[PDB]
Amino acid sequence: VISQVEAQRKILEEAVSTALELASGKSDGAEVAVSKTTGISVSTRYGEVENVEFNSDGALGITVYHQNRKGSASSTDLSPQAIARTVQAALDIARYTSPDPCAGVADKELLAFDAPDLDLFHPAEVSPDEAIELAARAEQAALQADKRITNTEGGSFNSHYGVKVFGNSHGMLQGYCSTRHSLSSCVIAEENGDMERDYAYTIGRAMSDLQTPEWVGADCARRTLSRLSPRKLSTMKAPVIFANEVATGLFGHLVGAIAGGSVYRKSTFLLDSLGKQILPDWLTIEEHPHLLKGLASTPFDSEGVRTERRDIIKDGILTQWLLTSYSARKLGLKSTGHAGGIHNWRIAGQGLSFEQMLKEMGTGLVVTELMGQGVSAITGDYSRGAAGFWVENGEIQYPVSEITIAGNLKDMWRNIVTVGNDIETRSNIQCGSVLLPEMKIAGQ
């Protein structure tokens, strides 16, 4: 694999240099990104091979600038003649677009000319038959757990490696390799004519970081069986715990509300909140772009800008926006290295286990799965479909479904009671379960 990848990396570096040189005589600036991803995706049904898919995907994108006018083009063909056609297409577009002084190559002083090695590349030579056996073991372990498991949506295994190279007309040319592997299963249980589905998974940059297939199947069966025979709650007001797996997404809504694109257009409910305490005074959100092997670590953003350790929220206070080159320029600020999103968020627990949080709440709703859109970027209004469990006397009583939870993000974030030590560790944003004092629940 490693010899294949280094051969690909050389071809990609040449593609970037070729595109920049073709652009250089006819534009004031240019940015070029290329990538190649290769691997396998397999599934099983009742432990037998179902699908075997061989993946091989390439891409080249260019943006050019002249008189502050911009134009872009892309191709999946990386031959020199296809590159030439792509460059000419972008140049032709920039003849007709209007001058816009916030557009252009990122500032030279912010570029990662000498980008750090973040150890994201851990290849495996997994054969299709080996892949199928991992997926089959996970699915079989789930199916064997309980006689109420009467159907399946299968086992799945994925393993891929990638190479990415970025260059621009300030002279940056840097690239890096990465890997991702995952294993999952999803089964169906039934009780009294009512069917429910759930899943479990493991993910990592190295194969030796994954949970076992038997762990995955056990977790899948546990989750699926816990959903059986739910109740539809009556309409009420009650306390709500966002379980860890959905609490990460609750903090996730911050990203859209502090993104520079929404801030300069005045299309965010947090427009007037920079420097304000929007979360509890004990709560800090840490961004860590340079964690070794990190799931969302990156040595530079999609515009080649350096990524930095930052506390986005510090003691409850909003400390900065999430900016790109264009949105920074609209605001009179500098890029914060957020072109392409956020880069590992961490929120510490305040001491309690999930069990201790149930005891503190006493009576209320735990949400474990959320559905739909239902979140307004401009107002903060929140209304989402939910499934989970009803809690009384500090103990889970029964599963619930076919209900909504509603509020406004400003009030929800400000009045968080606590965050648990039960940290979800498979995602970009990582935190434990979160307790809120009240939401409006719609049902019967």
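When you see a residue number, it is the position in the sequence shown, counting from 1.
Using the B-factors recorded in the PDB entry, average over the C-alpha atoms of 24 to 32 and of 63 to 71, then report which stretch comes out higher.
Mean B over CA atoms: larger for 24 to 32.
So 425 to 433 or 9 to 17, which one's hotter by mean CA B-factor in the entry?
Between 425 to 433 and 9 to 17, it is 9 to 17.
Report the option among 211, 298, 363, 158 whose CA atom has the maximum B-factor in the deposited record.
Each of 211, 298, 363, 158 was compared by C-alpha B-factor; the highest is 363.
Would you mind checking which of 100, 191, 139, 287 has the top Cα temperature factor in the PDB entry?
The listed residue with the largest C-alpha B-factor is 191.
Residue 78 - which third its CA temperature factor falls in, relative to the rest of the chain
It falls in the top third of the chain.
Taking the chain's C-alpha temperature factors as the reference, tell me which third residue 240 falls into: lowest, middle or highest.
Within its chain, residue 240 is a middle-third residue by C-alpha B-factor, going by the deposited values.
Residue 354 by Cα B-factor - lowest, middle or highest third of the modelled chain
Its C-alpha B-factor belongs to the highest third of this chain's values.
Taking the C-alpha B-factors as the PDB entry records them, is residue 379 in the lowest, middle or highest third of its chain?
According to the entry, residue 379 has a C-alpha B-factor in the chain's highest third.
Test of reading the entry: by CA B factor among the chain's modelled residues, which third contains residue 341?
According to the entry, residue 341 has a C-alpha B-factor in the chain's middle third.
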